[PDB]
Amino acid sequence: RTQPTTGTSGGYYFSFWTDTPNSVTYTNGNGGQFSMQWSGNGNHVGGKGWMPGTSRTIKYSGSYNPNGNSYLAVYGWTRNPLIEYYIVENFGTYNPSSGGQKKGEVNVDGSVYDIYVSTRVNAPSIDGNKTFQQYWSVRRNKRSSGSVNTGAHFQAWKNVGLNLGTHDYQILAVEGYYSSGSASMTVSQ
């Protein structure tokens, strides 16, 4: 029902999705800059990056302030197989990987990441209502700026049998779910 607003800004791909537009303000700034402010009802996800994604190093910085269900993550999809993946850098009052099956750990970029897989059934995807897996790398030491070696995560996932398909988009995403929060982030390489 609800398509993400997508396009280009500042030399980056961007995607912004919400099922409740009046609850959220998403703004594209210059270069890799974007901001999101949300509160009250609804599910909101937005950010800037690359279409398609690859094993690139992603640098980011800025301010991320969650007040409830929320995450800051490198966020992307693959196809064949259909995979929604997350490299979670920060989050609020609730670990988004909750209920994921833990597959291992990876030490990269100055922290250990816990690796999980979950299945989502009959859910929205880059290919409509589908059943797909979610891959999670969740940073134990939360942060709001730094560098993410996505290839190191992809390889770590592979080493525990979480194989990826062909890349679709890859963004630095800020997400809120029936919560409040705000962020002002800048992506780069």
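All residue numbers refer to positions in the sequence shown, first residue = 1.
- Just going by the entry, 12-20 versus 163-171 on mean CA temperature factor gives the higher value to 163-171.
- For the pair 81-89 and 100-108, the mean B factor over Cα atoms is greater in 100-108.
- Residue set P66, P52, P124, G46: peak C-alpha B-factor at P124 (per PDB entry).
- Per the deposited record, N30 carries the highest C-alpha B-factor of all listed residues (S137, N30, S39, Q134).
- In the PDB entry, a CA B factor belonging to the middle third of its chain's modelled residues is recorded for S145.
- Ranked by C-alpha B-factor against the other modelled residues of its chain, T57 falls in the middle third.
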